[PDB]
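Shown next as structure tokens: one chain only, the form deposited in one PDB entry.
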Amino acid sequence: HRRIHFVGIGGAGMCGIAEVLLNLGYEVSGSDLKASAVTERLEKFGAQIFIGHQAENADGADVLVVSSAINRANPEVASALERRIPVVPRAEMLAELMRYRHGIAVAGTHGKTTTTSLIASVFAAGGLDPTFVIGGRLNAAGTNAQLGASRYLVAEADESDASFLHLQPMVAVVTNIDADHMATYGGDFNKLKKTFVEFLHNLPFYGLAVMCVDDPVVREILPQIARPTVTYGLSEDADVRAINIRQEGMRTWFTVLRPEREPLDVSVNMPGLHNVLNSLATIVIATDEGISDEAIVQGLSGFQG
């Protein structure tokens, strides 16, 4: 049994992580400069809150989590370093949460956010109230529970993030592989691709890689993935395809083909083939997890944007 201490626990990227760790049964302390509604919610849920930073606050902690809005001069951080308490950046603790849950990592250079929201919206329609991560922030749409209560944790996987390769998902999506973040990889696009292969191999052999074969780069690395995979796209050779794409208003309709299933007519309130692809990835994941066709349709058509 361990105690995590958050430096700046009221920060908006930190509060959610604290509430999940409370939900997992850890002792959670935290320091902030201003008491707020957030720090009182955390206290109502079991967290020990301190106001103002002073080295005593870090006493007893087995780990420190520090935002990027903290200085090494901060007394608690300095005390932790002197006592050899490990100090972990906000983003790494966030990625670790996936080890305690059925993690669905949504990777890809673009469309991570929309695909994560669509997944959460479908799972919610199937009664699963999943916790999901968008832009470093934990949410659970209309949850009446603590963050993390669901079995399911759906998260953006950013290839530019230091923790990209420390995610431990059960399921991983790759929407596409662009060159926006070659900088993170010494400016070499081929090293960027090798990183997506390494990421998909953090999947266990019972896991699932959901791959957009409409991206030539994804199709290129596909033979390297020694994990169960399901492909999607408009490509006639994808496992899960969209056909008869049509419009009635700002609502896109299409028909999804799935192996050993009857064609399903869906609609999403979003334009452009890239959001059809984001729907297809969601349909692939929701179908693997066993969610009904009715919840898939309701989840997709309800999402606003």
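Superpose the two forms; the largest set of C-alphas matching within 1.5 Å is the rigid core. Residues carry their position along the shown sequence, with the first being 1.
- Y185 is a gap in at least a third of the other entries compared, counting only those with both neighbours built.
- Averaged over Cα atoms, the B-factor as recorded in the entry is higher for 65 to 73 than for the other of 254 to 262 and 65 to 73.
- As the entry records it, the average C-alpha temperature factor is higher for 81 to 89, out of 196 to 204 and 81 to 89.
- The entry lists a Cα temperature factor for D178 that places it in the middle third of the chain's modelled residues.
- Ranked by Cα temperature factor within the chain, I9 sits in the highest third according to the deposited record.
- Ranked by Cα temperature factor within the chain, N144 sits in the highest third according to the deposited record.
- When all modelled residues of the chain are sorted by CA temperature factor, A242 is found within the lowest third.
- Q48 sits in the middle third of its chain by CA B factor, as recorded in the PDB entry.
Unshown form deposited in another entry; subsequent notes refer to it.
- With the rigid core aligned between the shown form and the other one, the listed residues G127, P223, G142, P216 include just one Cα displaced by at least 2 Å, namely that of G142.
- Comparing the forms between the shown form and the other one, the C-alpha position of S160 differs by less than 2 angstroms, with the core used for superposition.
- In this overlay on the rigid core, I70 has a C-alpha that sits 2 Å or more away from its partner position between the shown form and the other one.
- Here's the thing about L64 and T143: their CA atoms end up at least 3 Å farther apart in that other deposited form than they are in this form.
- In that other deposited form, the CA atoms of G127 and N144 sit closer together than in the displayed form, by at least 3 angstroms.
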